[PDB]
file coords.txt (compact mmCIF, N, CA and C atoms)
# COMPACT_ATOMS: atom_id res chain seq x y z
N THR A 149 -16.49 7.28 51.28
CA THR A 149 -15.80 6.03 50.95
C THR A 149 -14.42 5.98 51.62
N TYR A 150 -14.01 4.77 52.00
CA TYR A 150 -12.68 4.49 52.53
C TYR A 150 -12.26 3.12 52.00
N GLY A 151 -10.99 2.97 51.61
CA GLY A 151 -10.47 1.67 51.26
C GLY A 151 -9.35 1.77 50.26
N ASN A 152 -9.24 0.77 49.41
CA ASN A 152 -8.26 0.81 48.35
C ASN A 152 -8.81 0.12 47.09
N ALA A 153 -8.19 0.46 45.93
CA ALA A 153 -8.64 -0.06 44.63
C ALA A 153 -7.41 -0.74 44.04
N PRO A 154 -7.34 -2.07 44.12
CA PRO A 154 -6.09 -2.79 43.78
C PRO A 154 -5.93 -3.23 42.33
N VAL A 155 -7.02 -3.23 41.53
CA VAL A 155 -6.90 -3.74 40.15
C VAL A 155 -6.55 -2.63 39.17
N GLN A 156 -5.33 -2.68 38.63
CA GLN A 156 -4.88 -1.63 37.72
C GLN A 156 -5.58 -1.79 36.37
N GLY A 157 -5.99 -0.67 35.76
CA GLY A 157 -6.70 -0.78 34.49
C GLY A 157 -5.93 -0.14 33.37
N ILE A 158 -6.26 -0.49 32.13
CA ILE A 158 -5.73 0.23 30.98
C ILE A 158 -6.29 1.65 30.94
N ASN A 159 -7.55 1.81 31.29
CA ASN A 159 -8.18 3.13 31.32
C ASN A 159 -9.49 2.97 32.12
N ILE A 160 -10.15 4.09 32.37
CA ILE A 160 -11.47 4.10 32.98
C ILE A 160 -12.30 5.09 32.18
N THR A 161 -13.46 4.62 31.73
CA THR A 161 -14.40 5.50 31.07
C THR A 161 -15.77 5.34 31.75
N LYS A 162 -16.80 5.92 31.16
CA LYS A 162 -18.13 5.77 31.68
C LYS A 162 -18.61 4.30 31.74
N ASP A 163 -17.98 3.40 30.98
CA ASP A 163 -18.30 1.96 31.00
C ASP A 163 -17.55 1.17 32.08
N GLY A 164 -16.75 1.86 32.88
CA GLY A 164 -16.03 1.20 33.96
C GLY A 164 -14.53 1.09 33.63
N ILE A 165 -13.87 0.17 34.31
CA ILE A 165 -12.44 -0.02 34.18
C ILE A 165 -12.18 -0.95 32.99
N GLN A 166 -11.26 -0.53 32.13
CA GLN A 166 -10.88 -1.36 31.01
C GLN A 166 -9.86 -2.38 31.48
N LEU A 167 -10.19 -3.68 31.34
CA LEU A 167 -9.32 -4.73 31.89
C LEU A 167 -8.52 -5.38 30.81
N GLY A 168 -8.99 -5.26 29.56
CA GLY A 168 -8.29 -5.85 28.42
C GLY A 168 -8.66 -5.25 27.07
N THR A 169 -8.25 -5.94 26.01
CA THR A 169 -8.52 -5.52 24.62
C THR A 169 -8.85 -6.69 23.68
N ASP A 170 -9.77 -6.42 22.76
CA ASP A 170 -10.15 -7.32 21.66
C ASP A 170 -9.09 -7.70 20.64
N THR A 171 -9.45 -8.72 19.85
CA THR A 171 -8.86 -8.99 18.54
C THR A 171 -9.39 -7.99 17.51
N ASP A 172 -10.43 -7.24 17.89
CA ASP A 172 -10.91 -6.13 17.06
C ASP A 172 -10.31 -4.84 17.60
N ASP A 173 -9.47 -4.98 18.62
CA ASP A 173 -8.80 -3.83 19.22
C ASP A 173 -9.70 -2.93 20.04
N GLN A 174 -10.89 -3.42 20.38
CA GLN A 174 -11.83 -2.64 21.16
C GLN A 174 -11.62 -2.95 22.66
N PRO A 175 -11.91 -1.98 23.54
CA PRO A 175 -11.74 -2.16 24.98
C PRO A 175 -12.64 -3.28 25.54
N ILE A 176 -12.13 -4.02 26.51
CA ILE A 176 -12.93 -4.93 27.27
C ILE A 176 -13.06 -4.34 28.69
N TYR A 177 -14.30 -4.03 29.09
CA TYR A 177 -14.61 -3.50 30.41
C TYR A 177 -14.89 -4.65 31.37
N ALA A 178 -14.67 -4.41 32.68
CA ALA A 178 -15.06 -5.34 33.73
C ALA A 178 -16.52 -5.68 33.61
N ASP A 179 -16.81 -6.97 33.80
CA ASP A 179 -18.16 -7.47 34.05
C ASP A 179 -18.47 -7.25 35.54
N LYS A 180 -19.32 -6.27 35.81
CA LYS A 180 -19.55 -5.77 37.17
C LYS A 180 -20.01 -6.81 38.15
N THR A 181 -20.54 -7.93 37.67
CA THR A 181 -21.10 -8.90 38.60
C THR A 181 -20.01 -9.63 39.35
N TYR A 182 -18.79 -9.60 38.84
CA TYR A 182 -17.69 -10.32 39.52
C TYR A 182 -16.32 -9.68 39.38
N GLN A 183 -16.17 -8.73 38.45
CA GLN A 183 -14.93 -7.96 38.28
C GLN A 183 -15.16 -6.50 38.60
N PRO A 184 -14.10 -5.81 39.05
CA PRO A 184 -12.84 -6.41 39.46
C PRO A 184 -13.02 -7.27 40.71
N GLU A 185 -12.11 -8.22 40.87
CA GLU A 185 -12.11 -9.18 41.97
C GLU A 185 -11.23 -8.63 43.08
N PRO A 186 -11.70 -8.69 44.36
CA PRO A 186 -10.96 -8.11 45.48
C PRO A 186 -9.60 -8.83 45.73
N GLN A 187 -9.45 -10.07 45.22
CA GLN A 187 -8.26 -10.86 45.53
C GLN A 187 -7.10 -10.58 44.58
N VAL A 188 -7.35 -9.75 43.58
CA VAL A 188 -6.38 -9.53 42.52
C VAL A 188 -5.69 -8.15 42.73
N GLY A 189 -4.43 -8.02 42.29
CA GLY A 189 -3.67 -6.76 42.50
C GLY A 189 -2.36 -6.79 41.72
N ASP A 190 -1.56 -5.73 41.82
CA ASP A 190 -0.23 -5.68 41.17
C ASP A 190 0.58 -6.85 41.70
N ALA A 191 1.38 -7.48 40.85
CA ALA A 191 2.04 -8.73 41.25
C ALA A 191 3.44 -8.51 41.88
N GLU A 192 3.99 -7.30 41.81
CA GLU A 192 5.26 -6.99 42.50
C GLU A 192 5.23 -5.64 43.28
N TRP A 193 6.21 -5.38 44.14
CA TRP A 193 6.15 -4.15 44.94
C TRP A 193 6.46 -2.95 44.05
N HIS A 194 7.08 -3.22 42.92
CA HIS A 194 7.73 -2.15 42.14
C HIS A 194 6.81 -1.59 41.04
N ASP B 247 34.47 -0.81 40.73
CA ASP B 247 34.63 0.62 40.40
C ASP B 247 33.71 1.42 41.33
N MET B 248 34.15 2.60 41.74
CA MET B 248 33.34 3.45 42.59
C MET B 248 32.35 4.26 41.77
N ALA B 249 31.14 4.42 42.28
CA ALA B 249 30.18 5.28 41.63
C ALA B 249 29.72 6.29 42.66
N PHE B 250 29.82 7.58 42.30
CA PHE B 250 29.46 8.71 43.17
C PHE B 250 28.11 9.33 42.79
N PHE B 251 27.42 9.86 43.80
CA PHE B 251 26.07 10.39 43.67
C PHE B 251 25.88 11.67 44.47
N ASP B 252 25.06 12.57 43.95
CA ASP B 252 24.58 13.72 44.73
C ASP B 252 23.07 13.81 44.55
N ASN B 253 22.40 14.55 45.44
CA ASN B 253 20.95 14.64 45.34
C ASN B 253 20.56 15.19 43.96
N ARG B 254 19.52 14.63 43.36
CA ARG B 254 18.98 15.16 42.13
C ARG B 254 18.67 16.66 42.28
N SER B 255 18.34 17.12 43.49
CA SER B 255 17.92 18.50 43.72
C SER B 255 19.10 19.42 44.13
N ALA B 256 20.31 18.89 44.15
CA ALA B 256 21.49 19.70 44.43
C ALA B 256 21.76 20.74 43.36
N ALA B 257 22.36 21.86 43.77
CA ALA B 257 22.69 22.95 42.86
C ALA B 257 23.82 22.45 41.98
N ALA B 258 23.70 22.62 40.66
CA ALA B 258 24.71 22.09 39.74
C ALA B 258 26.10 22.70 39.99
N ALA B 259 26.12 23.86 40.63
CA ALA B 259 27.36 24.59 40.86
C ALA B 259 28.06 24.10 42.11
N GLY B 260 27.33 23.42 42.98
CA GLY B 260 27.93 22.91 44.21
C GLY B 260 27.80 21.41 44.36
N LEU B 261 27.98 20.66 43.28
CA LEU B 261 27.88 19.20 43.35
C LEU B 261 29.07 18.60 44.09
N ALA B 262 28.80 17.59 44.93
CA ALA B 262 29.83 16.80 45.62
C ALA B 262 29.18 15.52 46.15
N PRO B 263 29.96 14.42 46.33
CA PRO B 263 29.33 13.12 46.68
C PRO B 263 28.70 13.09 48.05
N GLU B 264 27.44 12.69 48.11
CA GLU B 264 26.74 12.36 49.33
C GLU B 264 26.76 10.84 49.57
N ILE B 265 26.79 10.08 48.48
CA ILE B 265 26.85 8.62 48.54
C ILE B 265 27.95 8.15 47.58
N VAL B 266 28.73 7.15 47.99
CA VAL B 266 29.58 6.46 47.06
C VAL B 266 29.23 4.99 47.14
N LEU B 267 29.02 4.36 45.99
CA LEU B 267 28.80 2.91 45.98
C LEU B 267 29.99 2.19 45.36
N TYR B 268 30.41 1.11 45.97
CA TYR B 268 31.56 0.38 45.43
C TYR B 268 30.99 -0.74 44.56
N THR B 269 30.92 -0.50 43.25
CA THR B 269 30.19 -1.44 42.39
C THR B 269 31.12 -2.57 41.95
N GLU B 270 30.57 -3.78 41.87
CA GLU B 270 31.35 -4.97 41.51
C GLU B 270 30.50 -6.04 40.82
N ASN B 271 31.13 -6.85 39.96
CA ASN B 271 30.49 -8.07 39.50
C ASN B 271 30.99 -9.19 40.41
N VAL B 272 30.09 -10.10 40.82
CA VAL B 272 30.43 -11.24 41.66
C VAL B 272 29.84 -12.48 41.02
N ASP B 273 30.22 -13.66 41.51
CA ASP B 273 29.68 -14.89 40.98
C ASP B 273 28.40 -15.25 41.73
N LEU B 274 27.32 -14.54 41.40
CA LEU B 274 26.06 -14.67 42.15
C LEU B 274 25.38 -15.99 41.80
N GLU B 275 24.99 -16.74 42.83
CA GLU B 275 24.32 -18.02 42.70
C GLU B 275 23.15 -18.08 43.64
N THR B 276 22.24 -19.00 43.35
CA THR B 276 21.10 -19.25 44.22
C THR B 276 21.05 -20.75 44.48
N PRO B 277 21.96 -21.27 45.35
CA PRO B 277 22.13 -22.72 45.50
C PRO B 277 20.87 -23.49 45.98
N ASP B 278 19.96 -22.80 46.70
CA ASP B 278 18.83 -23.45 47.35
C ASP B 278 17.49 -22.71 47.28
N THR B 279 17.32 -21.77 46.33
CA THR B 279 16.05 -21.09 46.14
C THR B 279 15.81 -20.98 44.66
N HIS B 280 14.58 -20.67 44.25
CA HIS B 280 14.27 -20.49 42.80
C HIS B 280 13.28 -19.30 42.72
N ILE B 281 13.17 -18.71 41.54
CA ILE B 281 12.30 -17.58 41.30
C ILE B 281 10.87 -18.12 41.23
N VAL B 282 9.97 -17.49 41.93
CA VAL B 282 8.59 -17.91 41.94
C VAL B 282 7.74 -16.77 41.30
N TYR B 283 8.28 -15.57 41.17
CA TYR B 283 7.62 -14.53 40.33
C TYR B 283 8.69 -13.67 39.66
N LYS B 284 8.59 -13.52 38.35
CA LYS B 284 9.20 -12.42 37.62
C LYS B 284 8.19 -12.04 36.53
N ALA B 285 8.26 -10.80 36.06
CA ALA B 285 7.24 -10.21 35.15
C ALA B 285 7.23 -10.82 33.77
N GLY B 286 8.36 -11.29 33.27
CA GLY B 286 8.40 -11.90 31.93
C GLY B 286 9.44 -12.99 31.88
N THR B 287 9.93 -13.28 30.68
CA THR B 287 10.98 -14.26 30.42
C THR B 287 12.39 -13.66 30.66
N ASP B 288 12.52 -12.34 30.56
CA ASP B 288 13.82 -11.69 30.69
C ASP B 288 14.36 -11.87 32.10
N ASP B 289 15.59 -12.35 32.21
CA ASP B 289 16.21 -12.49 33.54
C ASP B 289 17.40 -11.53 33.76
N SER B 290 17.54 -10.55 32.86
CA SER B 290 18.56 -9.52 32.96
C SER B 290 18.28 -8.58 34.12
N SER B 291 19.31 -7.90 34.59
CA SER B 291 19.09 -6.85 35.57
C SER B 291 18.25 -5.78 34.88
N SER B 292 17.18 -5.34 35.54
CA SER B 292 16.28 -4.36 34.95
C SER B 292 15.41 -3.79 36.06
N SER B 293 14.80 -2.65 35.81
CA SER B 293 13.98 -2.02 36.83
C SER B 293 12.89 -3.00 37.31
N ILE B 294 12.21 -3.63 36.37
CA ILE B 294 11.10 -4.52 36.72
C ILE B 294 11.61 -5.73 37.52
N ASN B 295 12.85 -6.13 37.25
CA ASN B 295 13.36 -7.32 37.95
C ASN B 295 13.87 -7.02 39.36

call {"tool": "encode", "arguments": {"input": "coords.txt", "output": "structure tokens"}}
result
Amino acid sequence: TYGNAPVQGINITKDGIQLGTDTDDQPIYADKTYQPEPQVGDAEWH
Amino acid sequence: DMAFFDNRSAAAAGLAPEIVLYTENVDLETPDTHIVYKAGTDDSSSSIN
């Protein structure tokens, strides 16, 4: 593999990259069919 | 006011200024531009800003 991984996650487990959290406080994993999206990334240089 | 600095990795026994910054408050304005990204509502000087 060569490239870069631009979408920062809360964590990564066997279910993939955690992109958010519930109102039940449970992890929300990426939906693999379209997330993570290649056009998305950290919003500042810092 | 002047602020003096030495390398974080300098020996504590031989500290001396490698950099001096002349720090000042000025009347900073942005007459013809506006912020198009900041991380939150806070507009204070901060690492994120």

call {"tool": "select_by_dssp", "arguments": {"input": "coords.txt", "residues": "chain B", "states": "strand (DSSP E or B)", "output": "PyMOL selection string"}}
result
chain B and resi 248-251+265-268

call {"tool": "closest_atom_pairs", "arguments": {"input": "coords.txt", "of": "chain A", "to": "chain B", "cutoff": "8 Å", "atoms": "only N, CA and C atoms", "output": "CSV"}}
result
residue,atom,partner,partner_atom,distance
A:191,C,B:283,CA,7.5
A:192,N,B:285,CA,8.0
A:194,C,B:294,CA,6.8

call {"tool": "closest_residue", "arguments": {"input": "coords.txt", "among": "B:281, B:273, B:290, B:268", "to": "residue 247 (chain B)", "atoms": "only N, CA and C atoms"}}
result
B:268

call {"tool": "closest_residue", "arguments": {"input": "coords.txt", "among": "B:280, B:270, B:292, B:265", "to": "residue 252 (chain B)", "atoms": "all atoms listed in the file"}}
result
B:265

call {"tool": "atom_distance", "arguments": {"input": "coords.txt", "atom1": "CA of residue 164 (chain A)", "atom2": "CA of residue 178 (chain A)"}}
result
6.6 Å

call {"tool": "atom_distance", "arguments": {"input": "coords.txt", "atom1": "atom C of residue 272 (chain B)", "atom2": "CA of residue 251 (chain B)"}}
result
23.3 Å

call {"tool": "atom_distance", "arguments": {"input": "coords.txt", "atom1": "atom N of residue 185 (chain A)", "atom2": "atom N of residue 158 (chain A)"}}
result
13.1 Å

call {"tool": "residues_around", "arguments": {"input": "coords.txt", "residues": "residue 188 (chain A)", "least_positions_apart": "3", "cutoff": "8 Å", "atoms": "only C-alpha atoms", "output": "list in words"}}
result
residues 154, 155, 184 and 185 of chain A

call {"tool": "decode", "arguments": {"input": "coords.txt", "residues": "chain B", "atoms": "C-alpha atoms", "output": "compact mmCIF listing (two decimals), in the first residue's frame"}}
result
# COMPACT_ATOMS: atom_id res chain seq x y z
CA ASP B 247 8.67 43.63 26.54
CA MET B 248 11.52 41.32 25.51
CA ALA B 249 11.10 37.58 25.81
CA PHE B 250 14.20 35.34 25.80
CA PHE B 251 14.44 31.67 24.76
CA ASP B 252 16.91 28.78 24.77
CA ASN B 253 16.58 25.34 23.21
CA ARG B 254 14.34 23.01 25.21
CA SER B 255 17.28 20.54 24.99
CA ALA B 256 19.89 22.97 26.40
CA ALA B 257 21.76 22.03 29.57
CA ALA B 258 20.06 23.77 32.52
CA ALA B 259 23.51 24.79 33.79
CA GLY B 260 24.47 26.59 30.61
CA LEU B 261 21.27 28.43 29.64
CA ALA B 262 21.61 31.63 27.55
CA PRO B 263 19.38 33.32 24.88
CA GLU B 264 19.42 31.91 21.37
CA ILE B 265 16.31 33.90 20.40
CA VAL B 266 14.90 37.15 21.73
CA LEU B 267 11.42 38.26 20.72
CA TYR B 268 10.31 41.84 21.16
CA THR B 269 6.70 41.28 22.24
CA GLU B 270 4.07 44.03 21.86
CA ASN B 271 0.34 44.71 21.75
CA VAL B 272 -0.69 46.64 18.60
CA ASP B 273 -4.00 47.88 17.23
CA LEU B 274 -4.50 44.88 14.91
CA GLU B 275 -7.24 45.30 12.28
CA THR B 276 -8.43 43.47 9.23
CA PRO B 277 -9.80 46.35 7.08
CA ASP B 278 -10.46 44.22 3.95
CA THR B 279 -10.51 40.48 4.82
CA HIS B 280 -12.69 38.24 7.04
CA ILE B 281 -12.21 34.85 8.72
CA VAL B 282 -13.45 32.02 6.56
CA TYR B 283 -12.32 29.18 8.94
CA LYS B 284 -11.80 29.03 12.68
CA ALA B 285 -12.38 25.89 14.84
CA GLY B 286 -15.05 27.35 17.14
CA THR B 287 -16.68 30.57 18.36
CA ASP B 288 -13.62 31.60 20.43
CA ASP B 289 -11.64 34.39 18.77
CA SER B 290 -8.96 34.69 21.49
CA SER B 291 -5.31 34.04 20.80
CA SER B 292 -4.93 30.28 21.25
CA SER B 293 -3.00 27.35 19.85
CA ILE B 294 -5.94 26.27 17.66
CA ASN B 295 -6.39 29.82 16.36
